[PDB]
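Everything on this sheet refers to the single structure shown next.
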Amino acid sequence: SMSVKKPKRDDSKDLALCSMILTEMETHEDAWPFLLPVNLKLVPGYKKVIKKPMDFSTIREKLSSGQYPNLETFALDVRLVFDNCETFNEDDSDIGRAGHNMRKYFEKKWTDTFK
Ligand SMILES: O=C(O)c1cccc(C(=O)O)n1
Ligand SMILES: O=C(O)c1cccc(C(=O)O)n1
């Protein structure tokens, strides 16, 4: 509370580390469904069903232009990509399995980097 603070964690490398983790996700071979925004004009249903589209290139833009106030807001956008994937795709499909793989891949990098 006021004048009562926990020891300060050094957060000065967070931006560069998040950028590094995003790059590792983008080079994963199962990243292809997530690299660019879904085409809202060519994919029936997606615009109406998915209230908040997110993808790796949009995350890169936000990251590089200072639009994440902290670590956690970056993580939320990354998870949003995979939650959207799960909402719109059957588990038993290539894209469905891609999403599962990428989420697990991310959460490991995340844990290994910060926790
Ligand atoms: O690209 C878009 O934003 C889009 C595409 C198809 C329909 C609509 C719409 O009717 O709102 N919007
Ligand atoms: O964007 C739309 O098509 C829209 C607007 C208002 C309500 C609803 C709805 O009830 O789904 N959908």
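Ordering of the structure tokens sets the chain letters (A, B, ...); residue numbers start at 1 within each chain; ligands are numbered from 1 in the order shown.
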**Item:** Nearby residues (only C-alpha atoms) at most 12 Å from residue 82 (chain A), same-chain spacing under 5 positions excluded, as a list in words
**Value:**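 The residues satisfying every condition are residues 31, 33, 34, 50, 52, 53, 54, 55, 56, 75, 76, 77, 87, 88, 89, 91, 95, 96, 97, 98, 99, 100, 101, 102, 103, 104, 105, 106 and 107 of chain A.
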For the residues in the current selection, export C-alpha atoms as a PDB file, in the first residue's frame.
ATOM      1  CA  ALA A  31       3.528 -20.843 -36.141  1.00  0.00           C
ATOM      2  CA  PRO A  33      -1.668 -20.143 -38.561  1.00  0.00           C
ATOM      3  CA  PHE A  34      -0.721 -17.318 -36.196  1.00  0.00           C
ATOM      4  CA  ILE A  50     -13.947 -13.759 -32.419  1.00  0.00           C
ATOM      5  CA  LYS A  52     -10.698  -9.751 -30.161  1.00  0.00           C
ATOM      6  CA  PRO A  53      -8.492 -11.041 -32.968  1.00  0.00           C
ATOM      7  CA  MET A  54      -4.792 -11.304 -32.169  1.00  0.00           C
ATOM      8  CA  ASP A  55      -1.730 -12.643 -34.001  1.00  0.00           C
ATOM      9  CA  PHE A  56       2.080 -12.611 -33.770  1.00  0.00           C
ATOM     10  CA  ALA A  75       1.443 -12.745 -21.952  1.00  0.00           C
ATOM     11  CA  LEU A  76      -2.322 -12.026 -22.127  1.00  0.00           C
ATOM     12  CA  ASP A  77      -2.131 -11.170 -25.833  1.00  0.00           C
ATOM     13  CA  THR A  87     -12.750 -21.196 -29.998  1.00  0.00           C
ATOM     14  CA  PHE A  88     -12.730 -21.381 -33.800  1.00  0.00           C
ATOM     15  CA  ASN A  89     -10.997 -24.700 -34.538  1.00  0.00           C
ATOM     16  CA  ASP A  91      -9.095 -29.921 -31.494  1.00  0.00           C
ATOM     17  CA  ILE A  95      -4.717 -25.718 -36.844  1.00  0.00           C
ATOM     18  CA  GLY A  96      -6.275 -27.002 -33.627  1.00  0.00           C
ATOM     19  CA  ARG A  97      -3.201 -29.098 -32.911  1.00  0.00           C
ATOM     20  CA  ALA A  98      -0.943 -26.190 -33.916  1.00  0.00           C
ATOM     21  CA  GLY A  99      -2.553 -24.032 -31.229  1.00  0.00           C
ATOM     22  CA  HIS A 100      -2.047 -26.637 -28.514  1.00  0.00           C
ATOM     23  CA  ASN A 101       1.603 -27.093 -29.482  1.00  0.00           C
ATOM     24  CA  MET A 102       2.330 -23.349 -29.571  1.00  0.00           C
ATOM     25  CA  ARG A 103       0.664 -22.690 -26.211  1.00  0.00           C
ATOM     26  CA  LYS A 104       2.761 -25.389 -24.534  1.00  0.00           C
ATOM     27  CA  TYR A 105       5.867 -24.105 -26.320  1.00  0.00           C
ATOM     28  CA  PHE A 106       5.133 -20.574 -25.095  1.00  0.00           C
ATOM     29  CA  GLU A 107       4.396 -21.478 -21.486  1.00  0.00           C
TER      30      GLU A 107
END
Can you build me a table of region 32-108 of chain A residues sitting at most 10 Å from region 14-20 of chain A, with the closest atom pair per residue and its distance in Å to one decimal, using only C-alpha atoms, sorted by chain and residue number, as JSON lines?
{"residue": "A:59", "atom": "CA", "partner": "A:19", "partner_atom": "CA", "distance": 9.5}
{"residue": "A:60", "atom": "CA", "partner": "A:19", "partner_atom": "CA", "distance": 7.6}
{"residue": "A:63", "atom": "CA", "partner": "A:19", "partner_atom": "CA", "distance": 7.4}
{"residue": "A:64", "atom": "CA", "partner": "A:19", "partner_atom": "CA", "distance": 8.4}
{"residue": "A:66", "atom": "CA", "partner": "A:15", "partner_atom": "CA", "distance": 9.0}
{"residue": "A:68", "atom": "CA", "partner": "A:15", "partner_atom": "CA", "distance": 9.0}
{"residue": "A:69", "atom": "CA", "partner": "A:15", "partner_atom": "CA", "distance": 9.9}
{"residue": "A:70", "atom": "CA", "partner": "A:14", "partner_atom": "CA", "distance": 8.0}
{"residue": "A:71", "atom": "CA", "partner": "A:14", "partner_atom": "CA", "distance": 6.6}
{"residue": "A:74", "atom": "CA", "partner": "A:18", "partner_atom": "CA", "distance": 7.6}
{"residue": "A:75", "atom": "CA", "partner": "A:18", "partner_atom": "CA", "distance": 8.8}
Selection above as a file: N, CA, C and O atoms, as a PDB file, in the first residue's frame:
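Now in selection.pdb:
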ATOM      1  N   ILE A  59       1.130  -8.495 -32.279  1.00  0.00           N
ATOM      2  CA  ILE A  59       1.848  -8.461 -31.008  1.00  0.00           C
ATOM      3  C   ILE A  59       3.218  -7.797 -31.171  1.00  0.00           C
ATOM      4  O   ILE A  59       3.624  -7.000 -30.327  1.00  0.00           O
ATOM      5  N   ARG A  60       3.921  -8.115 -32.261  1.00  0.00           N
ATOM      6  CA  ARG A  60       5.203  -7.480 -32.556  1.00  0.00           C
ATOM      7  C   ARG A  60       5.078  -5.965 -32.699  1.00  0.00           C
ATOM      8  O   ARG A  60       5.935  -5.215 -32.218  1.00  0.00           O
ATOM      9  N   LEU A  63       4.412  -4.445 -29.241  1.00  0.00           N
ATOM     10  CA  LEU A  63       5.621  -4.552 -28.430  1.00  0.00           C
ATOM     11  C   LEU A  63       6.628  -3.466 -28.797  1.00  0.00           C
ATOM     12  O   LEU A  63       7.133  -2.770 -27.930  1.00  0.00           O
ATOM     13  N   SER A  64       6.887  -3.323 -30.094  1.00  0.00           N
ATOM     14  CA  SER A  64       7.870  -2.393 -30.624  1.00  0.00           C
ATOM     15  C   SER A  64       7.432  -0.919 -30.563  1.00  0.00           C
ATOM     16  O   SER A  64       8.229  -0.026 -30.807  1.00  0.00           O
ATOM     17  N   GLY A  66       5.727   0.273 -27.821  1.00  0.00           N
ATOM     18  CA  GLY A  66       5.485   0.554 -26.412  1.00  0.00           C
ATOM     19  C   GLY A  66       4.050   0.422 -25.926  1.00  0.00           C
ATOM     20  O   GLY A  66       3.638   1.119 -24.982  1.00  0.00           O
ATOM     21  N   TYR A  68       2.602  -2.314 -24.545  1.00  0.00           N
ATOM     22  CA  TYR A  68       2.431  -3.198 -23.388  1.00  0.00           C
ATOM     23  C   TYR A  68       3.039  -2.514 -22.185  1.00  0.00           C
ATOM     24  O   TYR A  68       4.240  -2.251 -22.156  1.00  0.00           O
ATOM     25  N   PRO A  69       2.201  -2.194 -21.197  1.00  0.00           N
ATOM     26  CA  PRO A  69       2.698  -1.551 -19.982  1.00  0.00           C
ATOM     27  C   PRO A  69       3.562  -2.478 -19.143  1.00  0.00           C
ATOM     28  O   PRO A  69       4.372  -1.984 -18.360  1.00  0.00           O
ATOM     29  N   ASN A  70       3.409  -3.792 -19.301  1.00  0.00           N
ATOM     30  CA  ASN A  70       4.219  -4.730 -18.536  1.00  0.00           C
ATOM     31  C   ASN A  70       4.235  -6.136 -19.138  1.00  0.00           C
ATOM     32  O   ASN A  70       3.506  -6.417 -20.091  1.00  0.00           O
ATOM     33  N   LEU A  71       5.074  -6.993 -18.556  1.00  0.00           N
ATOM     34  CA  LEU A  71       5.154  -8.433 -18.837  1.00  0.00           C
ATOM     35  C   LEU A  71       3.822  -9.128 -19.049  1.00  0.00           C
ATOM     36  O   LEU A  71       3.633  -9.883 -19.999  1.00  0.00           O
ATOM     37  N   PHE A  74       1.658  -8.507 -22.154  1.00  0.00           N
ATOM     38  CA  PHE A  74       2.215  -9.258 -23.303  1.00  0.00           C
ATOM     39  C   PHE A  74       1.733 -10.716 -23.274  1.00  0.00           C
ATOM     40  O   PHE A  74       1.185 -11.225 -24.243  1.00  0.00           O
ATOM     41  N   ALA A  75       1.934 -11.381 -22.147  1.00  0.00           N
ATOM     42  CA  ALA A  75       1.443 -12.745 -21.952  1.00  0.00           C
ATOM     43  C   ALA A  75      -0.059 -12.910 -22.253  1.00  0.00           C
ATOM     44  O   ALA A  75      -0.458 -13.903 -22.859  1.00  0.00           O
TER      45      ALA A  75
END
**Asked** Can I get the residues close to ligand 1 as a VMD selection string, where close means within 12 Å and we count only C-alpha atoms and all ligand atoms?
**Response** chain A and resid 37 to 51 53
Write the residues of the preceding selection, restricted to N, CA, C and O atoms, as an mmCIF file, in the first residue's frame.
data_model
loop_
_atom_site.group_PDB
_atom_site.id
_atom_site.type_symbol
_atom_site.label_atom_id
_atom_site.label_comp_id
_atom_site.auth_asym_id
_atom_site.auth_seq_id
_atom_site.Cartn_x
_atom_site.Cartn_y
_atom_site.Cartn_z
ATOM 1 N N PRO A 37 -2.691 -11.512 -39.180
ATOM 2 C CA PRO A 37 -4.116 -11.487 -38.810
ATOM 3 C C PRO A 37 -4.953 -12.382 -39.715
ATOM 4 O O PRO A 37 -4.670 -12.482 -40.911
ATOM 5 N N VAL A 38 -5.941 -13.058 -39.140
ATOM 6 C CA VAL A 38 -6.901 -13.812 -39.945
ATOM 7 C C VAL A 38 -7.617 -12.868 -40.910
ATOM 8 O O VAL A 38 -8.006 -11.760 -40.537
ATOM 9 N N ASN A 39 -7.769 -13.284 -42.161
ATOM 10 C CA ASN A 39 -8.426 -12.423 -43.144
ATOM 11 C C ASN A 39 -9.933 -12.372 -42.899
ATOM 12 O O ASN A 39 -10.641 -13.330 -43.195
ATOM 13 N N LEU A 40 -10.411 -11.249 -42.371
ATOM 14 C CA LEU A 40 -11.787 -11.149 -41.885
ATOM 15 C C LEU A 40 -12.804 -11.111 -43.011
ATOM 16 O O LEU A 40 -14.000 -11.341 -42.793
ATOM 17 N N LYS A 41 -12.332 -10.830 -44.219
ATOM 18 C CA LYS A 41 -13.219 -10.772 -45.369
ATOM 19 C C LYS A 41 -13.296 -12.120 -46.070
ATOM 20 O O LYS A 41 -14.274 -12.400 -46.744
ATOM 21 N N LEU A 42 -12.270 -12.952 -45.908
ATOM 22 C CA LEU A 42 -12.238 -14.249 -46.586
ATOM 23 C C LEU A 42 -12.525 -15.436 -45.672
ATOM 24 O O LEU A 42 -12.561 -16.576 -46.124
ATOM 25 N N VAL A 43 -12.706 -15.186 -44.384
ATOM 26 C CA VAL A 43 -12.991 -16.268 -43.454
ATOM 27 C C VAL A 43 -14.345 -16.010 -42.814
ATOM 28 O O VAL A 43 -14.457 -15.223 -41.869
ATOM 29 N N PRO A 44 -15.390 -16.657 -43.355
ATOM 30 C CA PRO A 44 -16.761 -16.516 -42.852
ATOM 31 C C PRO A 44 -16.853 -16.833 -41.367
ATOM 32 O O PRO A 44 -16.280 -17.822 -40.926
ATOM 33 N N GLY A 45 -17.559 -15.998 -40.615
ATOM 34 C CA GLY A 45 -17.766 -16.234 -39.200
ATOM 35 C C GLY A 45 -16.746 -15.601 -38.264
ATOM 36 O O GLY A 45 -17.076 -15.259 -37.129
ATOM 37 N N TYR A 46 -15.505 -15.452 -38.717
ATOM 38 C CA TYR A 46 -14.428 -15.108 -37.786
ATOM 39 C C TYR A 46 -14.625 -13.732 -37.172
ATOM 40 O O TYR A 46 -14.469 -13.559 -35.958
ATOM 41 N N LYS A 47 -14.999 -12.761 -38.001
ATOM 42 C CA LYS A 47 -15.189 -11.406 -37.500
ATOM 43 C C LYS A 47 -16.284 -11.338 -36.444
ATOM 44 O O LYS A 47 -16.107 -10.698 -35.409
ATOM 45 N N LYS A 48 -17.408 -12.012 -36.690
ATOM 46 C CA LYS A 48 -18.524 -12.007 -35.744
ATOM 47 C C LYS A 48 -18.242 -12.815 -34.472
ATOM 48 O O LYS A 48 -18.590 -12.389 -33.362
ATOM 49 N N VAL A 49 -17.625 -13.983 -34.632
ATOM 50 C CA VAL A 49 -17.415 -14.905 -33.506
ATOM 51 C C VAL A 49 -16.249 -14.491 -32.601
ATOM 52 O O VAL A 49 -16.341 -14.552 -31.375
ATOM 53 N N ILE A 50 -15.152 -14.059 -33.201
ATOM 54 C CA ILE A 50 -13.947 -13.759 -32.419
ATOM 55 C C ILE A 50 -13.895 -12.274 -32.088
ATOM 56 O O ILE A 50 -13.591 -11.450 -32.937
ATOM 57 N N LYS A 51 -14.212 -11.930 -30.848
ATOM 58 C CA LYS A 51 -14.415 -10.525 -30.508
ATOM 59 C C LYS A 51 -13.112 -9.736 -30.505
ATOM 60 O O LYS A 51 -13.111 -8.544 -30.771
ATOM 61 N N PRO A 53 -9.526 -10.355 -32.193
ATOM 62 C CA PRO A 53 -8.492 -11.041 -32.968
ATOM 63 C C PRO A 53 -7.097 -10.633 -32.519
ATOM 64 O O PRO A 53 -6.864 -9.462 -32.200
#
**Request:** as a ChimeraX atom specification, please: all residues of region 6-87 of chain A that backbone DSSP puts in alpha helix (DSSP H).
**Result:** /A:14-27,46-49,56-64,71-87
**Asked** Do you have the CA of residue 109 (chain A)-CA of residue 21 (chain A) distance handy?
**Response**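 Separation between CA of residue 109 (chain A) and CA of residue 21 (chain A): 6.8 Å.
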**Item:** Interatomic distance, atom 6 (C, counted along the ligand's line) of ligand 2 to CA of residue 80 (chain A) (Å, one decimal)
**Value:**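 Value for the atom 6 (C, counted along the ligand's line) of ligand 2-CA of residue 80 (chain A) distance: 22.4 Å.
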**Request:** Quick one: pull the distance between CA of residue 85 (chain A) and CA of residue 22 (chain A), Å, one decimal.
**Result:**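 Pair CA of residue 85 (chain A) / CA of residue 22 (chain A) returns 17.3 Å.
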